[PDB]
Every structure is written in structure tokens, then in C-alpha cells.
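Student: Here it is, the structure in full.
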Protein chains: 2
Amino acid sequence: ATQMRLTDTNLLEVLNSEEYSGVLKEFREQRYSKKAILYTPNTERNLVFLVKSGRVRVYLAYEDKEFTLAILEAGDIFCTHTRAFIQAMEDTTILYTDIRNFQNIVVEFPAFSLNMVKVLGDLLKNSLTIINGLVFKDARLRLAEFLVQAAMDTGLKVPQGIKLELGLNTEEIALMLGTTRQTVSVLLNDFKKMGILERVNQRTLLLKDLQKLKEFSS
Amino acid sequence: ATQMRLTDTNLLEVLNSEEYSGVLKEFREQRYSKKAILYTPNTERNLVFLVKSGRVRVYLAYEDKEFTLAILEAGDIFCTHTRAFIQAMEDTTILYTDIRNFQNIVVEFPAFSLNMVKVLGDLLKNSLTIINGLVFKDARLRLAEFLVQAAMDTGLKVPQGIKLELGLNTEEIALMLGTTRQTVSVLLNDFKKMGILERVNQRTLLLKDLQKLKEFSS
Ligand code: HEM
Ligand code: HEM
């Protein structure tokens, strides 16, 4: 149950119905091994593709860092006409078609725009997090370090993850880290939206993805 | 006008058609005065709305500055469950419904998701430009001031713009501005994406919006 979805049925199931038979015809199949770069930004051949199996990372690449924009799973649509790089996170099979062909089927077969909405919403979600993370780069680093440090020092193992009884509210965390209550508030909300953590009570957080948070502390 | 569109017809027009009977009455109307804040990030009520008339700015707000993500115009869909502020740029009338009602609408009436794709694409395009702008803040400013100077020195008026001769290729410009070749190209392509210019080759640019470019030199 990927949270950006507007429908409960996977697009691959829909495409393999007989009401959608003939749309499949216009797609070709390509395989990619783990870590293979599928596409560099704005490729010469404008393609719309569908992930058939595996996981694909859509990302902005710079010299010293990369920002993940989205992770495409089975049934997710994307294209080659963005400023993003596209990499296979695991052994991957895609189905692809020329853009001129997809123009027709997106207006005719409703299930496609529904998935695009889900994928573009996810990309925008991660983009806003990235922008917040750049505006508050230093505060974010300090907060993530504070939390990972607390997790290792006093974190408690629970079935959902690591419970952090910080004994500090957001105001007090901001004081500890030399930022504002408002900034820590934005950043914690962002960590929640990333599925990194949940709020247990005023002074307690549940760290559900420590390993991921360890990437923001570097 | 936006090139993100997958249709030529306005959602407000489609909402008047027979096939869409009953949909309109699922929305209520609210008027907003010029400069009024419609919604703060993630308001108590989770709503989907359509701009009936006026123009609405979607933006990120920090204590120092704001980043505009999109201008929504008549016929555009947005929601109240994002981390952005939403402000009326002029006297505005919106049509709003609870998200739980919109769930049924978006699945059965295809025009809504097509408009969402256009809107989300425009927000994402603006978002990626913002990200690049933050990562390369210094280099961006120095490039903009170079291009404004080059316009003053070499600029020849042509229909729809100003032809610039830089006298330098991308590597040489990079050396001059104390940056990498890769950063110059990325920022030049972003200026293209913003409608500021076209790249004829490494040495020649067509400037379509000098005024907007002077905003990056400030
Ligand atoms: C019907 C087929 C499609 C058409 C005709 C189309 C057309 C376009 C056009 C003309 C642009 C540039 C608009 C501008 O100048 O602002 C664009 C950008 C973009 N499109 Fe598509 N597109 C299609 C399918 C898709 C799909 C399947 C996706 C992925 C879900 C997608 C995602 C994007 C994104 C993220 C951008 C902005 C890229 C950037 O700023 O680097 N599009 N599209
Ligand atoms: C019935 C229709 C809708 C449903 C079921 C829905 C559902 C959701 C859910 C569950 C999330 C949070 C995803 C997560 O947990 O990561 C979300 C986020 C988001 N949605 Fe929607 N939504 C709908 C309509 C819309 C509309 C109309 C728009 C605007 C065109 C939109 C744009 C966004 C954006 C930009 C986010 C990310 C917000 C942020 O990160 O600040 N959604 N949606």
C-alpha cells in the first residue's frame, strides 16, 4: 500500500486485463542489472516507461552528492525527459514506448494518469523535503546527529523500531542544538513524511528507520 | 499557458458537460480577497479545490525568503495536504470538497487527473530549478551577472530577444567564474527551462528574458 496511490489496483494488473489488451502491444521490454544506469538526464530518445519488476531510483546527481527524488516500483510510470538520472536499485525489467505513442493512451486509458499523479506527487514530496534540507542544511545535520546519537546511547528496541525517550520537547531540542523551535518542527515533520520517525508523546519519538537517518547525519 | 498540459480543454468547461452532471454540486464555493492566505501547510481540513476564478500562488515560506512553486489559474486543481502556503494573488473564487469525496471523483471523471498531471508537473519543474538554485547559489549569481554584462557588451537585438556572443566555451566560462564545466551547463539549461534563454552552441546564446535574468544578478 504505497501511500501516494489514488487506486488500490496495480497498473500492471489493469494493463493485463482484456480491456487494456492492445495498449501493451506498443511497449517493448528491457532488462537492467542491479546498479545499472537506465537513463541519463533528458535522453535523445523521449521514452515513457513502466517498471515491470525491480526498483528504480530517480535522482539528481552532482559532483559531491545525489538527491533521491523517487523510488519507482512495479507498475510505476516515468519518462526520459527530466533533469534526473535513473538507476536500477535491484535487478530490473522495464516496459517502454516512444512518447508520441503514450500521448494517445494517456488520454484514452484512465489508469495511466492515475499512476502519473501518484509518481509526480511522490517526486514533489521528496523535492520539498530536499528544499527544506538545503535551506536548513546545518540545523538538519545537527538534528539528525542528535537523534542517531540518542538512538545508540539510550534508544530502546521495540517491535516498530527504536523508541527515543528524549526527555525534551521540540522547544528544548532547538535550544540544545542552537536553532529555533520552528526549524526543528519543520525538520521533524519532514522526517515523519519520510517514514523515518513518529511522535509517541511530547518528549518521545519512535525511530522506525534509523539506518536511513544515518544518511542524514553524514 | 503551460506546456505541461495533456489536454486543450479547460476543466471548468468539461464540468459543464452532460457526462459530468452532478460533479459540480459536490463542491462548495469560497471567495478570497487579493493577498489572503487560503491555506497554511497541512491545514486541519483535508480538502481538494478548483480555482473557479482568480489566481493562486503556491509557495514555500521561510523567515528569510519565499519560493514560489506554482501559479494556479482558473481550472486548476490543488489540495490542502502539502507543506506549502496558498495565497490569492487577486480576488479569487474556489470550489472545494473534502478529499474523501474527491477520491470517487478522481477515479471516475478522467479530466481531473489530467489537470493534476499538468499542475504537479509545473510544481516539480519549478522545484528542481529551486534545488539546483540552492546547490549552486554562488555560481548561479556569478553566471547571471556575466550574462547580463555580455548582453550589455555584445547584445544584438533580434525578433523575440537578444543574441549574445560569449566569446568563451563552457569550460572557459567555468574557469572564469571559478566553477566546473558541469555546473555552467546545468545552470544554462535551467535558464532555458525558465524561458530566459536558448543555447545556440557553447559560445552563442539567444536571450528571451533579460529582465528576469537581472533578477538572478541581484
Ligand atoms: C503524454 C505524454 C507526455 C507528454 C506529452 C509530456 C510532455 C512534457 C513536456 C512538453 C515537458 C516540458 C514542459 C515545460 O517546458 O515546462 C515535460 C516535462 C516533464 N515531464 Fe512530461 N510528458 C509526458 C509524460 C510524462 C510522464 C509519463 C512523466 C512521469 C511521470 C512525466 C514527467 C515530467 C516531469 C517530471 C517534467 C519536468 C522535468 C524537469 O523539469 O526536468 N511526463 N513533459
Ligand atoms: C483523492 C485524491 C487524493 C488522495 C487520496 C491523496 C492522498 C495523499 C496522501 C496519502 C499523501 C501523503 C503521502 C505520504 O504518506 O507520503 C499525499 C501527499 C501529497 N499530495 Fe495528495 N491526495 C489526493 C489529491 C491530491 C491533489 C488534488 C493534489 C494537487 C494537485 C495532491 C498533491 C499532493 C502533494 C504535492 C503531496 C506531498 C505533500 C508534501 O510532501 O508536502 N494530492 N496525498
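In the C-alpha cells, each chain is lettered A, B, ... as it comes, each chain's residues begin at 1, and ligands are numbered from 1 in order of appearance.
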Compile a residue-level contact table for chain B against ligand 1 at a cut-off of 6 Å, reporting for every qualifying residue the shortest atom pair and its distance in Å to one decimal, with only C-alpha atoms and all ligand atoms counted, rows ordered by chain and ascending number, as a tab-separated table.
Tutor:
```
residue	atom	partner	partner_atom_place_in_ligand_line	distance
B:3	CA	ligand 1	13 (C)	4.6
B:4	CA	ligand 1	13 (C)	4.8
B:121	CA	ligand 1	34 (C)	5.3
B:125	CA	ligand 1	40 (O)	3.7
```
Student: Selected residues, N, CA and C atoms, written as a CSV table (one decimal), in the first residue's frame, please.
Tutor:
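Saved the output as result.csv:
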```
chain,number,residue,atom,x,y,z
B,3,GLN,N,3.2,24.3,-21.0
B,3,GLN,CA,3.5,23.1,-21.9
B,3,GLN,C,3.4,21.8,-21.2
B,4,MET,N,3.0,21.8,-19.9
B,4,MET,CA,2.8,20.5,-19.1
B,4,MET,C,1.4,19.9,-19.4
B,121,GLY,N,3.3,18.6,-12.5
B,121,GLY,CA,4.5,18.7,-13.4
B,121,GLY,C,5.1,20.1,-13.3
B,125,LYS,N,8.8,21.0,-11.9
B,125,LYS,CA,9.7,21.7,-12.7
B,125,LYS,C,10.3,22.9,-12.0
```
Student: Using all C-alpha atoms matched in sequence order, least-squares fit chain B onto chain A and give the RMSD rounded to one decimal in Å.
Tutor: 1.7 Å
Student: Could you pull the residues within 12 Å of residue A:201, counting only C-alpha atoms, minus those fewer than 6 positions along the same chain, as a PyMOL selection string?
Tutor: chain A and resi 163-170
Student: Could you save the residues just selected, with N, CA, C and O atoms, as a PDB file, in the first residue's frame?
Tutor:
```
ATOM      1  N   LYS A 163      12.558   3.246  20.184  1.00  0.00           N
ATOM      2  CA  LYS A 163      11.864   4.279  20.945  1.00  0.00           C
ATOM      3  C   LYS A 163      12.870   5.232  21.574  1.00  0.00           C
ATOM      4  O   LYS A 163      13.777   4.803  22.279  1.00  0.00           O
ATOM      5  N   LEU A 164      12.708   6.526  21.310  1.00  0.00           N
ATOM      6  CA  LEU A 164      13.603   7.541  21.858  1.00  0.00           C
ATOM      7  C   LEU A 164      12.889   8.398  22.896  1.00  0.00           C
ATOM      8  O   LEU A 164      12.186   9.346  22.555  1.00  0.00           O
ATOM      9  N   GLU A 165      13.083   8.056  24.161  1.00  0.00           N
ATOM     10  CA  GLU A 165      12.577   8.865  25.258  1.00  0.00           C
ATOM     11  C   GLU A 165      13.584   9.975  25.500  1.00  0.00           C
ATOM     12  O   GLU A 165      14.454   9.861  26.354  1.00  0.00           O
ATOM     13  N   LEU A 166      13.471  11.043  24.718  1.00  0.00           N
ATOM     14  CA  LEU A 166      14.451  12.128  24.746  1.00  0.00           C
ATOM     15  C   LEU A 166      14.410  12.962  26.021  1.00  0.00           C
ATOM     16  O   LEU A 166      15.416  13.538  26.403  1.00  0.00           O
ATOM     17  N   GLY A 167      13.247  13.016  26.671  1.00  0.00           N
ATOM     18  CA  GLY A 167      13.028  13.878  27.835  1.00  0.00           C
ATOM     19  C   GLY A 167      13.071  15.364  27.508  1.00  0.00           C
ATOM     20  O   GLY A 167      13.252  16.202  28.418  1.00  0.00           O
ATOM     21  N   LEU A 168      12.923  15.677  26.217  1.00  0.00           N
ATOM     22  CA  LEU A 168      12.960  17.050  25.675  1.00  0.00           C
ATOM     23  C   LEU A 168      11.844  17.261  24.664  1.00  0.00           C
ATOM     24  O   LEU A 168      11.627  16.430  23.796  1.00  0.00           O
ATOM     25  N   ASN A 169      11.131  18.378  24.769  1.00  0.00           N
ATOM     26  CA  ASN A 169      10.172  18.738  23.738  1.00  0.00           C
ATOM     27  C   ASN A 169      10.911  19.457  22.609  1.00  0.00           C
ATOM     28  O   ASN A 169      12.126  19.661  22.683  1.00  0.00           O
ATOM     29  N   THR A 170      10.182  19.821  21.566  1.00  0.00           N
ATOM     30  CA  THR A 170      10.743  20.474  20.378  1.00  0.00           C
ATOM     31  C   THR A 170      11.448  21.811  20.700  1.00  0.00           C
ATOM     32  O   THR A 170      12.503  22.100  20.151  1.00  0.00           O
TER      33      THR A 170
END
```
Student: Can you pull out every residue with an atom within 9 Å of ligand 2? Use only C-alpha atoms and all ligand atoms and format it as a ChimeraX atom specification.
Tutor: /A:2-7,117-118,120-129,190,192-195 /B:41-42,46-50,76-84,98-107,112-113,115-120,123-124
Student: From a DSSP pass on the backbone, collect the residues of stretch 17-212 of chain A flagged as strand (DSSP E or B) and hand them back as a ChimeraX atom specification.
Tutor: /A:28-32,37-39,47-53,56-61,66-72,77-79,85-88,92-98,156-158,161-165,197-201,204-207
Student: Using only C-alpha atoms, which protein or nucleic acid residues come within 9 Å of residue A:174? Drop anything in the same chain fewer than 4 positions from it, and give the result as a PyMOL selection string.
Tutor: chain A and resi 139+143+169-170+178-185
Student: Leaving out residue A:207 and any residue of its chain fewer than 3 positions from it, which residues lie within 12 Å of it when counting only C-alpha atoms, given as an MDAnalysis selection string?
Tutor: chainID A and resid 144 147:148 150:152 155:166 188 191:192 194:200 204 210:214
Student: Report the residues of stretch 30-156 of chain A whose backbone DSSP state falls under alpha helix (DSSP H), written as a VMD selection string.
Tutor: chain A and resid 99 to 108 111 to 135 137 to 154
Student: Compare B:218, B:92, B:59, B:87 by their minimum atom-to-atom distance to chain A, counting only C-alpha atoms, and give me the closest one.
Tutor: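 Using only C-alpha atoms, the shortest distance to chain A belongs to B:59.
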Student: Set the distance at 10 Å and use only C-alpha atoms: which residues neighbour residue A:74 once local chain neighbours fewer than 3 positions away are removed? I'd like the list as number ranges by chain.
Tutor: A: 10-12, 50-56, 77, 92-94
Student: Could you turn the residues from that selection into a file that holds N, CA and C atoms, as a compact mmCIF listing (two decimals), in the first residue's frame?
Tutor:
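Output below, filename result_13.txt:
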```txt
# COMPACT_ATOMS: atom_id res chain seq x y z
N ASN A 10 -2.99 -2.29 -8.80
CA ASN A 10 -1.74 -2.03 -9.50
C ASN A 10 -1.96 -1.92 -11.01
N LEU A 11 -1.26 -0.97 -11.64
CA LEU A 11 -1.38 -0.71 -13.08
C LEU A 11 -1.05 -1.92 -13.95
N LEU A 12 -0.10 -2.74 -13.50
CA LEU A 12 0.25 -3.99 -14.19
C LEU A 12 -0.91 -4.98 -14.28
N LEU A 50 7.50 1.89 -17.98
CA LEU A 50 6.76 1.31 -16.88
C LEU A 50 7.68 0.29 -16.23
N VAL A 51 7.83 0.37 -14.91
CA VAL A 51 8.60 -0.65 -14.20
C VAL A 51 7.76 -1.93 -14.13
N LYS A 52 8.30 -3.01 -14.69
CA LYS A 52 7.63 -4.31 -14.68
C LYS A 52 8.05 -5.12 -13.45
N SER A 53 9.35 -5.10 -13.14
CA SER A 53 9.84 -5.66 -11.88
C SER A 53 11.08 -4.91 -11.39
N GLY A 54 11.40 -5.08 -10.11
CA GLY A 54 12.56 -4.43 -9.51
C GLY A 54 12.23 -3.09 -8.87
N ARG A 55 13.26 -2.26 -8.72
CA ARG A 55 13.18 -0.96 -8.08
C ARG A 55 14.11 -0.02 -8.84
N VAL A 56 13.60 1.17 -9.14
CA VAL A 56 14.37 2.18 -9.87
C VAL A 56 14.44 3.47 -9.06
N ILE A 77 5.08 4.49 -13.51
CA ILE A 77 5.42 5.11 -14.80
C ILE A 77 6.46 6.21 -14.59
N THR A 92 16.24 -5.32 -12.62
CA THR A 92 15.04 -4.61 -13.09
C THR A 92 14.66 -4.93 -14.53
N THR A 93 13.35 -5.06 -14.76
CA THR A 93 12.80 -5.18 -16.09
C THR A 93 11.83 -4.02 -16.29
N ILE A 94 11.97 -3.32 -17.41
CA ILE A 94 11.03 -2.24 -17.74
C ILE A 94 10.29 -2.53 -19.04
```
Student: Here is a test: counting only C-alpha atoms, which residue of A:57, A:25, A:65, A:35 is nearest to chain B?
Tutor: A:65
Student: Find the spatial neighbours of residue A:34, counting only C-alpha atoms, within a cut-off of 6 Å - ignore same-chain residues fewer than 6 positions away - and output them as a list in words.
Tutor: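 The contact residues come out as residues 88, 89, 90 and 91 of chain A.
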Student: Any chance you can output those residues with N, CA and C atoms as an mmCIF file, in the first residue's frame?
Tutor:
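Contents of selection-v2.cif, as written:
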```cif
data_model
loop_
_atom_site.group_PDB
_atom_site.id
_atom_site.type_symbol
_atom_site.label_atom_id
_atom_site.label_comp_id
_atom_site.auth_asym_id
_atom_site.auth_seq_id
_atom_site.Cartn_x
_atom_site.Cartn_y
_atom_site.Cartn_z
ATOM 1 N N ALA A 88 19.010 1.453 -11.639
ATOM 2 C CA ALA A 88 18.454 0.209 -11.123
ATOM 3 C C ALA A 88 18.954 -0.060 -9.701
ATOM 4 N N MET A 89 18.045 -0.012 -8.730
ATOM 5 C CA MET A 89 18.383 -0.365 -7.345
ATOM 6 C C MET A 89 18.466 -1.871 -7.097
ATOM 7 N N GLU A 90 17.816 -2.644 -7.966
ATOM 8 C CA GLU A 90 17.914 -4.111 -7.984
ATOM 9 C C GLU A 90 17.740 -4.574 -9.427
ATOM 10 N N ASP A 91 17.918 -5.871 -9.679
ATOM 11 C CA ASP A 91 17.651 -6.448 -10.998
ATOM 12 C C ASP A 91 16.273 -5.963 -11.459
#
```
Student: Would you compute the distance between atom CA of residue B:140 and atom CA of residue A:67? Give it in Å to one decimal.
Tutor: 19.2 Å
Student: Between atom CA of residue B:68 and atom CA of residue B:85, what distance in Å does the model show, to one decimal?
Tutor: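 A separation of 9.5 Å between them.
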Student: Between B:60, B:206, B:36, B:71, which has the minimum distance to chain A (counting only C-alpha atoms)?
Tutor: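 Smallest distance to chain A is found for B:60.
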Student: Smallest atom-to-atom distance to chain B: which of A:40, A:16, A:21, A:132, using only C-alpha atoms?
Tutor: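 The closest residue to chain B is A:132.
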Student: Nearest residue to chain A out of B:217, B:208, B:135, B:176, using only C-alpha atoms?
Tutor: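 Closest to chain A, using only C-alpha atoms: B:135.
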Student: Considering only C-alpha atoms, state which residue in the set A:108, A:29, A:44, A:18 is at the smallest distance from chain B.
Tutor: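 Among the listed residues, the smallest separation from chain B belongs to A:108.
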